[PDB]
Each structure stands twice: as structure tokens, then as C-alpha cells.
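For reference, the structure discussed in these notes is given below.
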Amino acid sequence: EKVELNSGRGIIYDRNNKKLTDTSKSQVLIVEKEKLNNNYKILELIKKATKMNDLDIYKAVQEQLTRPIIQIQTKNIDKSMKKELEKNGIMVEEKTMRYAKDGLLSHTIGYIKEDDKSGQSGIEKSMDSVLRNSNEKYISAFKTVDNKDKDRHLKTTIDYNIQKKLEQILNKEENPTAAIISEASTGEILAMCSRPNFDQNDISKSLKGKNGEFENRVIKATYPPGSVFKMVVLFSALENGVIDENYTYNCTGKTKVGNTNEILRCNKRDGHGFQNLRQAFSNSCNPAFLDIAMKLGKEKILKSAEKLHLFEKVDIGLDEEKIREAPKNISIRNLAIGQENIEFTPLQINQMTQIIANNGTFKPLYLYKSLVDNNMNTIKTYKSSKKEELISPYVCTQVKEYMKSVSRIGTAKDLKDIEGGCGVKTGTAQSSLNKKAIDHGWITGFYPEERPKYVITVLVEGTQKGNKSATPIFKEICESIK
Ligand SMILES: [Zn+2]
């Protein structure tokens, strides 16, 4: 009879060699079933040591009815109680559970089947071929446990501390959210969080749940970009030479859509007035961006989107990434305002923001660094399949400069005062939950303003109870990682 001291799977580590699985030490008390069932001394000895009761014990007994030896999960058995129990034929072993109670990085890590130990989602499934039976710790019963030179573990790009801070923040939001933080200069993913959460230790209780408790909204959920798309129209316009830094537009609060008497109102309604490019972008002025879009056309804007990696998978090492194809036909109006049949995951928006933030040096977003041994020595390097590109660096630097204005005297002025500044673009997605008009809140940008280290993307889903801005959560993130 085999006693499992761990899941047998390769540990998952963060970028700094801190464990993200296999963190909480616990105990497995092992007793012969006949001895337990026929001898009140042994029952009452186990009860004392575990602090369990008869119901807890005989639940365990009933689950292992057929086995000649019974294994009880417990903890905090000191040394006297340990030798004591061994005098009574009861051996106690130090064990490691796969997932803490903390449950950091749930959707990204995923979960395993308990019989099989096989990966069912996230990293556990995408990297099951290298992690399964790569770290086997077990004893044989009716009475090896320690390291082996061929043990393999997976080291990721995640920063445990940044991940913790982000989960603290999204845990205070009742609305479903998606948040990703990546390194501007390398594309390494420092943190990813989706809400609502699931319990990796209780796949049953969550599966009955109704709100996508198992959806990685960062990599799977697509949303309309709203004004976030003005990064692309602004990029497209400056790259195609249709506008320059000297563009002025007079927002009177409305405009005719091309040649028709179809009318697009501004959000100000009484108008922004005379705007330079910085103000048109900062004010998120729909009429100014229709004016800019009309000068480009559908195809130049889509090619610009394609060039910024919005019409392909980011391919970060997780296979369940979903995307939505470029629309067959869409009105230049819906392009300008970023609504209808154009949608992106937060992962894609983050990748696009990485390029702008990094002055056109595209670093493909990725989650894995290496497969390591028990000494944390590199056995092999992992990296993106994607080729590095230098993309319109000058244009990228212009969009990036204008994004520093949005934070200071724009739609996201509440960020004017954060230590070190930031560059952002906010936006609102228009969806439907039931047939009610529901609004999802976007913000994307980089922190700090001057030499960005972080590319940050947040999406707060609307609910029947109402819609929310992403700006507050972006602010808390920046305040918690200064
Ligand atoms: Zn306007």
C-alpha cells in the first residue's frame, strides 16, 4: 500500500524561486483499520493527537472502507505524541498539499484530478507532460520520501508579491474583474487575476456556481475596447501620415457621420471645443476620432490593429486562450468608438500596451522561464514561439507621450497625483446581460510614467446592480507596487 506524501507533480515557482504550489506542510496519520475499529484506546489516542471526533474519523474510514490501512489528513502533531502513537503501531508522516488555502493564482495554475494527478486546466494541463510524476514523494506501508536528482519543477515569470497585492485588491471588488501586470521591457507576466474565484480543493461546490467561477477572464473573455481602441486609431493615423502632432479638431458636441445625416454626439454634448491631438486623445472625443478614422478607412485601421498583435493569440504558454476574429465588415463609426463586432481579451490589450509602453520593441508576453531540478539549477529555458519585432518606434513613442496626458488632465485625472505618474487609456465596453444595456470598464497603461516597469490592464465587468470604472483598481495596483 502506497502513502502519497505529495501530488507527485513538479513544484510551480515564481521568478524569484518562491513556491506557488506545495507550500502548506500537513500530516498523514496511518493506522491499521482492524486496530482502529476494535480498540477504543487507539481511536481515543488518534482523536487526542488530531483533535478530530468520531464523525471525522469514521467519514475517513467510510471513504477508505475497502483498504486494510486508513490514512487521516491532520497537522500539528509534536514529537512526544508522535513517538507515543508509534508505540501503538500508528506512524505519522510529513505531507505537502498541492494548493494552499490562500489559493494564489487559482485560474492560471488550474487544478488536477485526485486519482490521476493529471492536469485539468491552466499550467497543470498546459505543462502536464513535464510536471506529472516529475516530483514523486511517497512511502510504502505495513510498517523514497526525499529529493531525487531527476526531479523536475517549473519556474514561471510570476512575482509572488505582485500577485498577492493584486489578489488583495480584486478580493475587495464584488464585480467580476480581469487584471494582468507584465514587465514593460521583457513581456514577462508578473501577475494575472480573474474574479470570481473557484476553490482548487473543492471542484464540486464551484461547478454548481453560475457566474463563470472557472473562467480565466484575462485569457478567454473578449470585450469591446471602447475608447481603448483610440490607441490603435491614433497609432494608424500617425503611422499612415494622415495626421501629425499639429492636428486640431473643433468638437461642437456632435458631427455628421461622413455624407449621411446620421449624427454622432460627443460625451460632453456641448463640446470639448478646439482640441490639439493630446486633448482630443485625453478627452476621448468621439467626433475628433471619427474625423481621424474617416481619413484612414476600415482597412488601414484593421492593418494597424493586426500590426499591434490584436488579431492573433498572445501564446503565453496556456492553451485555453480564446480570441475573436477581425470583423468581416464593420462601420468606420463602430471602429472609431471601439464597439460592436470588434473584441479583445485583457491579455491582448496588455500585449498591445506593452509595444506602445516599450517604444515599439514588441516583447511577446510569456509565463514560463525554465524547467529546474531540486537545486533550482536550469535544466532548460522556455520562451515564446513569437519572433521579436521593432514596430513604428516613433509612432509608439508619440502614443505613449499622449497617454501620459490622459492621467494628468484627461478622463483619468484621478491618477494625476500617484507617485511617479503613469500613462493610460480608459474605455467603456457596451454589452448586454439579459437584454439590459450593461457597461464593462477598461483601463490600460504603464507605471511609472518616466521609465515604465509595468504594463497594467484591468477590466471591471458591469452587473445588474450597475457599472464601474477601472481607474480606482489601476490606482490601488500602482500605489501597492511603488
Ligand atoms: Zn468631443
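By order in the C-alpha cells, chains are A, B, ...; within a chain, residues start at 1; ligands start at 1, following the order shown.
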Could the residues that lie within 7 Å of ligand 1, counting only C-alpha atoms and all ligand atoms, be listed as a compact mmCIF listing (two decimals) with C-alpha atoms, in the first residue's frame?
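Here's the written file part25.txt:
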```txt
# COMPACT_ATOMS: atom_id res chain seq x y z
CA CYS A 251 -15.74 69.49 -31.06
CA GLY A 253 -20.63 68.16 -29.26
CA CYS A 266 -19.71 63.61 -28.12
CA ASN A 267 -19.89 62.52 -24.42
CA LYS A 268 -19.53 66.26 -23.47
CA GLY A 271 -18.48 70.07 -26.91
CA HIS A 272 -14.74 69.96 -25.95
CA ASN A 283 -10.77 63.88 -23.70
CA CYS A 285 -13.59 62.84 -28.08
CA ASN A 286 -15.62 60.51 -30.39
CA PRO A 287 -16.23 63.23 -33.06
CA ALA A 288 -12.45 64.00 -33.28
```
Write down as a PDB file with C-alpha atoms, in the first residue's frame the residues belonging to range 188-287 of chain A that are assigned strand (DSSP E or B) by DSSP computed on the backbone.
```pdb
ATOM      1  CA  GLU A 188       7.270  38.525 -18.590  1.00  0.00           C
ATOM      2  CA  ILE A 189       3.845  38.121 -16.843  1.00  0.00           C
ATOM      3  CA  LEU A 190       4.259  39.285 -13.210  1.00  0.00           C
ATOM      4  CA  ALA A 191       0.575  38.736 -12.256  1.00  0.00           C
ATOM      5  CA  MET A 192      -2.790  37.575 -13.642  1.00  0.00           C
ATOM      6  CA  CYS A 193      -6.085  37.513 -11.710  1.00  0.00           C
ATOM      7  CA  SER A 194      -9.707  36.719 -12.691  1.00  0.00           C
ATOM      8  CA  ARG A 195     -12.834  37.077 -10.454  1.00  0.00           C
ATOM      9  CA  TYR A 223     -14.831  42.541 -24.672  1.00  0.00           C
ATOM     10  CA  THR A 248      -6.601  70.425 -34.312  1.00  0.00           C
ATOM     11  CA  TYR A 249     -10.340  69.463 -34.141  1.00  0.00           C
ATOM     12  CA  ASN A 250     -13.319  71.653 -33.041  1.00  0.00           C
ATOM     13  CA  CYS A 251     -15.743  69.493 -31.056  1.00  0.00           C
ATOM     14  CA  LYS A 254     -21.935  66.373 -32.409  1.00  0.00           C
ATOM     15  CA  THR A 255     -20.952  65.630 -36.034  1.00  0.00           C
ATOM     16  CA  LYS A 256     -22.469  64.145 -39.250  1.00  0.00           C
ATOM     17  CA  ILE A 263     -25.412  62.054 -36.113  1.00  0.00           C
ATOM     18  CA  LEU A 264     -22.616  61.003 -33.610  1.00  0.00           C
ATOM     19  CA  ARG A 265     -22.750  63.002 -30.370  1.00  0.00           C
ATOM     20  CA  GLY A 273     -14.175  72.992 -28.259  1.00  0.00           C
ATOM     21  CA  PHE A 274     -10.810  73.434 -30.086  1.00  0.00           C
ATOM     22  CA  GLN A 275      -8.548  70.454 -29.223  1.00  0.00           C
ATOM     23  CA  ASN A 276      -4.960  69.581 -30.180  1.00  0.00           C
TER      24      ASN A 276
END
```
Can you pull out the residues contacting range 118-128 of chain A? Cut-off 7 Å, using only C-alpha atoms, and skip same-chain residues under 6 positions away; I want them as a tab-separated table (two decimals) with N, CA and C atoms, in the first residue's frame.
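Listing of selection_10.tsv after writing:
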```
chain	number	residue	atom	x	y	z
A	107	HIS	N	-6.74	30.38	-11.24
A	107	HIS	CA	-7.16	30.12	-12.65
A	107	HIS	C	-5.94	29.85	-13.52
A	108	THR	N	-4.84	30.56	-13.27
A	108	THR	CA	-3.59	30.40	-14.05
A	108	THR	C	-3.01	29.02	-13.73
A	109	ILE	N	-2.95	28.66	-12.45
A	109	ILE	CA	-2.36	27.34	-12.07
A	109	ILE	C	-3.29	26.22	-12.52
A	110	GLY	N	-4.59	26.37	-12.28
A	110	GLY	CA	-5.60	25.33	-12.60
A	110	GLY	C	-5.77	24.35	-11.45
A	111	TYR	N	-6.07	23.09	-11.78
A	111	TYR	CA	-6.39	22.01	-10.81
A	111	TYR	C	-6.10	20.66	-11.47
A	112	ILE	N	-6.02	19.63	-10.63
A	112	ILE	CA	-5.68	18.23	-11.04
A	112	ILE	C	-6.82	17.33	-10.57
A	317	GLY	N	1.75	30.39	-23.09
A	317	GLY	CA	2.03	29.05	-22.54
A	317	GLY	C	0.77	28.38	-22.01
A	318	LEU	N	-0.39	29.05	-22.10
A	318	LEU	CA	-1.72	28.49	-21.67
A	318	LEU	C	-2.61	28.26	-22.91
A	319	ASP	N	-3.06	27.03	-23.11
A	319	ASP	CA	-3.62	26.55	-24.41
A	319	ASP	C	-5.08	27.01	-24.52
```
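Across A:479, A:270, A:461, A:449, the tightest approach to residue 174 in chain A is made by A:461 when counting only C-alpha atoms.
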* Pick from A:183, A:340, A:389, A:320 nearest to residue 451 in chain A, counting only C-alpha atoms -> A:183
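Distance check against residue 154 in chain A using only C-alpha atoms: of A:321, A:299, A:86, A:373, the minimum falls on A:373.
Nearest residue to residue 88 in chain A, choosing from A:48, A:384, A:31, A:37 and counting only C-alpha atoms: A:31.
The closest residue to residue 454 in chain A, picked from A:184, A:145, A:131, A:379 and counting only C-alpha atoms, is A:184.
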* Asked: Excluding same-chain residues fewer than 4 positions from residue 209 in chain A, what lies within 12 Å of it counting only C-alpha atoms, as a list in words?
  -> residues 196, 197, 198, 199, 202, 203, 204, 205, 213, 214 and 215 of chain A
File dump, residues just selected, C-alpha atoms, as a PDB file, in the first residue's frame:
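Result file is result04.pdb:
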```pdb
ATOM      1  CA  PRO A 196     -14.996  35.456  -9.470  1.00  0.00           C
ATOM      2  CA  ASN A 197     -12.710  32.799  -7.920  1.00  0.00           C
ATOM      3  CA  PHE A 198     -13.009  28.981  -7.587  1.00  0.00           C
ATOM      4  CA  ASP A 199     -11.605  26.588  -4.922  1.00  0.00           C
ATOM      5  CA  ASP A 202     -13.454  21.739  -3.965  1.00  0.00           C
ATOM      6  CA  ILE A 203     -14.176  21.369  -7.749  1.00  0.00           C
ATOM      7  CA  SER A 204     -17.786  20.246  -6.806  1.00  0.00           C
ATOM      8  CA  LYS A 205     -19.036  23.382  -4.883  1.00  0.00           C
ATOM      9  CA  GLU A 213     -16.122  30.880 -11.398  1.00  0.00           C
ATOM     10  CA  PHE A 214     -13.811  28.738 -13.690  1.00  0.00           C
ATOM     11  CA  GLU A 215     -13.302  31.434 -16.435  1.00  0.00           C
TER      12      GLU A 215
END
```
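Computed from the coordinates, the CA of residue 132 in chain A to CA of residue 323 in chain A distance equals 28.8 Å.
Note that CA of residue 423 in chain A and CA of residue 400 in chain A are 6.9 Å apart.
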